[PDB]
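Chains as they are written, first to last, in this note's numbering: chain A, 1 to 121; chain B, 1001 to 1398; chain C, 2001 to 2398. What follows is a short report on a single structure.
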Amino acid sequence: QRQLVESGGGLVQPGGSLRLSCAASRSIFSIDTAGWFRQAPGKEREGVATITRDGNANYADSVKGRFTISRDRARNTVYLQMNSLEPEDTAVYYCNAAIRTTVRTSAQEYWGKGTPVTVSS
Amino acid sequence: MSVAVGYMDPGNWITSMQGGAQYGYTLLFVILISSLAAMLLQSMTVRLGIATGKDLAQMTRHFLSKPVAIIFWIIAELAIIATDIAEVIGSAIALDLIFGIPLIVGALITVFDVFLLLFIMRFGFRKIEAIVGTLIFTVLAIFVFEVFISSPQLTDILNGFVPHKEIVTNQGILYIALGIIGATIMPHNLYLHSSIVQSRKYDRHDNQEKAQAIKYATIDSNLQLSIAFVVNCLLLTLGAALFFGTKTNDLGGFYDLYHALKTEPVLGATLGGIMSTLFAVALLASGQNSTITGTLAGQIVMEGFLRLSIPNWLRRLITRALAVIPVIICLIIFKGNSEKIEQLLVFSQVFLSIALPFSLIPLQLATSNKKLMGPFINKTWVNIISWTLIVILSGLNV
Amino acid sequence: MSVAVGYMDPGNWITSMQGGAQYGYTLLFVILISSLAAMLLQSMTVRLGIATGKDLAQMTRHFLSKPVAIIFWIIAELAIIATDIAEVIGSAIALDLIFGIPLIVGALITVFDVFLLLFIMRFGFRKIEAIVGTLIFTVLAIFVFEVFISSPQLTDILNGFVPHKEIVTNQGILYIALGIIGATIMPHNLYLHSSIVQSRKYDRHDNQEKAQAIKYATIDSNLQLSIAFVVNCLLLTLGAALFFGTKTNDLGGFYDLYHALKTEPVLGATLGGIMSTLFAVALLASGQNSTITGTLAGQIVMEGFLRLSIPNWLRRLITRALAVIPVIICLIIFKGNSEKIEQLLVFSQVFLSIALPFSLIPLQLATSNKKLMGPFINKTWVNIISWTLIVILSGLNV
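Structure (structure tokens):
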């Protein structure tokens, strides 16, 4: 599942912050429902957040307070700003989507490739 | 020299298009009626405009006392503020699409930017008006092209029968209905015409047969409103043919149009972006002219009710600022949501159409006294009363 | 008081309807163009009408000599006679349908009956104009009802692409084409407007800024011609939806319409006859008003070119008589043939459109000199030249 491109991960000291941005490959009409998944190296793909069609911003139960999902209806791009990071949030952060190409074609899934995020001294 | 004028105001733009993204061809009828109504009303004020040597504001002052004067002044001010909010949101969305700056910065740029209008005034009229007219005409050509295979009898038979069950039951219908009406009438236009007629070389009192001027001016006003009707009908059927009968019934604000034009298949790939940015430019220019027209209206209102005066730049500035405050409040509260902003816009229009009657009633009254009077005021009477019932029902269901 | 005016002239009636009985939706485009053209032309003459304190006839006199003056006077007289022949045939057919008297007696009644117009003038205007307006409006309602299941994209795509191969090849097409044009322009209307503008309380010379009158009058003229365009488009599509795609491709004159309305199934049985006689009445009234308008035109022409004058009753009488002579000649020669008479009618219209250029050229020339001038006369230039090519080709194929 390609044609999505996350970007923004990078080393960051404990308590820093940064903004990952799921995207689209070319001229996509709309992003129905996003979602950001995490796959730290010794665990299972958890799941961290969920926007909906209009807005729901439902979060996990260990992250409320640091993670602020959003959308950019102008240039179709889901966002995810993590603030005051911690050494337990190291993982690769996948992106999900519900792309719909044109104004009448039915929806269709899409997975990303994800980006790494390391937190340490 | 050449023809140049801007007829599309973001208020009517969003309201009409929305009316075609959600419910389809039903609203069409209402549009016509509203348009017709406005014609008549224009006529009336123009008559009052040319005789009695007064302005509708002065009129109101001559039937009231100090306090109720304060009241109706509040109402007119609020009407103006409503139109200005509509405009500033239009401009902000235009900027965010074309460039990429977020909304708040665009709002602030718009509010404290009126210096552009002194600069370009010192620059030159004819060229700018010609070019904006060209671009608007071309954007409309684009939309026309974009409309495709369609079933006429549908549009027709929905224009005609007026499903009253429909037009009244869905209280989502009354909403966009009042939107279309209050965006086709726009009371500030009433005051402004009442004033502007006062100067057309009519022999102010020393021609009882000056009514030639009346006839000429009314012919002009009717031509104008007719072309406005055609444009509104076009935008509505566009929303219909581009978003109807689908899944999730996407609202159909601005953004959705801006994208649908870009990702449109049969338009190739680059042409998408071309028409996109053209549309953006159109939006911006329409916003600006809709602003510049209403400054005189605000001035006239305050001069009439309070019998006070100010220079124009102060007027425009303070009005624009008190208008932009609600925009920023809504933005920060709802953290940025295209859906929420466009919903604010439509609510502004409908509030305009709520305020209308407080400025419609005295117009009728005053035209019932002086030398020239309409024979069938009955149309306006039925208009205002049916109107009142609609607005009070929409209020009640809350 | 109330609205009252007659817009349907038998010339355009027969020409439009015929254009929809034979070839279908093709001609539609031409109609529009002709209409647009006339608008522009009106504009021009009105400008000439208001300045230079002259009449288009006086103009022509001031660019010519005695003999060529005689020539163009002959031409204008022939234009008037053409319109009057059209009218008298219209009236005769109306009478024969409603009552049953043969054609010759109806023709004679029409020619020596102008006393009705003095009688009814002494009787009262407002009532007669109101009633004729009512009946015409109702007849048009009837026609609208009568139009049924139809395919829009056909009408559209035939309006648009303008199949030039088609529009030029069938020399039956050029025929009805010139018919529609010369019936939408009607030079006598040109002279008459040139004159009538001369009196609208403009400060004849002591207002260089009288052009306000120009703008007002042009707005009126454009409204008028636009509604005429809509009516013509209606009649054409009526002929289409009532006679096209059939056997023997019946011509589609008047009689055929009068019957098709009666034997129309879905209209019941008696309603057939009802609408029938209503149509007949409409035809008659339209004929009469189309006559009464042009008397002043004839007077103006003769006053301009020959600088001579006569009382009106003599003018009208002698013109009508020299017009009715060809009718009776054709009747007796062809022993009575609806087909032959309607063919004479259409030939009259096309002859009008043949004569047009001899009265169009000096108009353009004169507006190229004096203080007020159009920037793009180029439209009129291309108009007249393409026109000349068409008329000469239609002449040649003979």
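The C-beta atom is built at its ideal place from N, Cα and C for all residues, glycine as well.
- Residue range 17-21 is occupied by the beta strand (DSSP E) that includes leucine 18(A).
- No Cβ of chain A is located within less than 8 Å of the beta carbon of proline 1010(B).
- Not a single CB atom of chain C sits nearer than 8 Å to the CB of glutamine 1208(B).
- Along the length of the stretch 2036-2080 of chain C, whole alpha helix (DSSP H) runs at least 4 residues long occupy 2056-2061, reported in chain order.
- For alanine 1241(B), the uninterrupted alpha helix (DSSP H) run begins and ends at 1211-1243, by DSSP.
- Secondary structure at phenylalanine 37(A): strand, using DSSP grouped into helix, strand and coil.
- Beta-bridge partners assigned by DSSP to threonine 68(A): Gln81(A).
- If you compare the alpha carbons of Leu1257(B), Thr1295(B), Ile1300(B) with that of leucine 1278(B), the shortest gap goes to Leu1257(B).
- The beta-carbon of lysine 2201(C) is placed less than 8 Å from the nearest beta-carbon of chain B.
- Listed along chain C, the residues sitting closer than 8 Å to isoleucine 1219(B) by beta-carbon distance are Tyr2216, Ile2219, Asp2220, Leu2223.
- Take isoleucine 2081(C), set aside five residues on each side of it, and the residues of its chain with a beta-carbon closer than 6 Å to its own are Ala2323, in chain order.
- Contact of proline 2102(C) with chain B is not assigned, every C-beta pair being separated by 8 Å or more.
- Contact holds between the stretch 2069-2083 of chain C and the stretch 2353-2371 of chain C, because three or more Cβ pairs, one in each stretch, are under 8 Å apart.
- DSSP, reduced to helix, strand and coil, places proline 116(A) within a strand of the structure shown.
- The closest CA to that of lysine 1210(B), considering only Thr1155(B), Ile1109(B), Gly1053(B), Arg1316(B), is found on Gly1053(B).
- Distance between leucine 1192(B) and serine 2386(C), taken at the CA atoms: about 47 Å.
- Residue contact with chain A for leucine 1234(B): absent (no Cβ-Cβ distance below 8 Å to any residue of chain A).
- Of all C-beta pairs linking the stretch 1266-1276 of chain B to the stretch 55-69 of chain A, fewer than three are shorter than 8 Å, placing the two stretches out of contact.
- Taking one beta carbon from each stretch, the stretch 2149-2162 of chain C and the stretch 2011-2019 of chain C have fewer than 3 pairs nearer than 8 Å; the two do not touch.
- Interface annotation, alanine 98(A): not in contact with chain B, CB-CB separation never under 8 Å.
- The beta carbon of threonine 115(A) sits no closer than 8 Å to any beta carbon of chain B.
- In the structure shown, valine 48(A) falls within a coil segment according to DSSP collapsed to helix, strand and coil.
- At the C-beta level, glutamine 3(A) and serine 25(A) come within 8 Å of one another.
- One finds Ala1260, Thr1263, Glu1264, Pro1265 in chain B with Cβ atoms closer than 9 Å to the Cβ of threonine 102(A), taken in chain order.
- Spatial neighbours of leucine 2103(C) in its own chain (CB-CB distance under 7 Å, excluding positions within 5 residues in sequence) are listed in chain order as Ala2092, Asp2096, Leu2331, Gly2336.
- Around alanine 1228(B), the same chain offers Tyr1007 as residues with beta carbons nearer than 6 Å, after the five sequence neighbours per side are excluded.
- In the three-state DSSP reduction, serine 30(A) falls in the strand class (E or B).
- With a beta-carbon spacing of about 5 Å, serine 2194(C) and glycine 2049(C) fall inside the 8 Å limit used to define contacts.
- Where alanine 2004(C) is concerned, there is no enclosing alpha helix (DSSP H), because DSSP gives it neither an H nor an E.
- Within a 10 Å sphere around the beta-carbon of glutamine 1153(B) sit fewer than 16 other beta-carbons, which makes this residue exposed.
- When C-alpha distances from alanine 2051(C) are compared across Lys2066(C), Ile2185(C), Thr2169(C), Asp2203(C), the shortest belongs to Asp2203(C).
- At least one CB atom of chain B sits nearer than 8 Å to the CB of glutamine 2212(C).
- DSSP places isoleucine 2310(C) outside both helix and strand once states are collapsed to three, so it counts as coil.
- Listed by position along chain B, the residues whose Cβ is nearer than 8 Å to that of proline 2152(C) are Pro1152.
- At least one CB atom of chain B sits nearer than 8 Å to the CB of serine 30(A).
- Between the alpha carbons of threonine 2218(C) and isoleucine 2318(C) lies a gap of roughly 34 Å.
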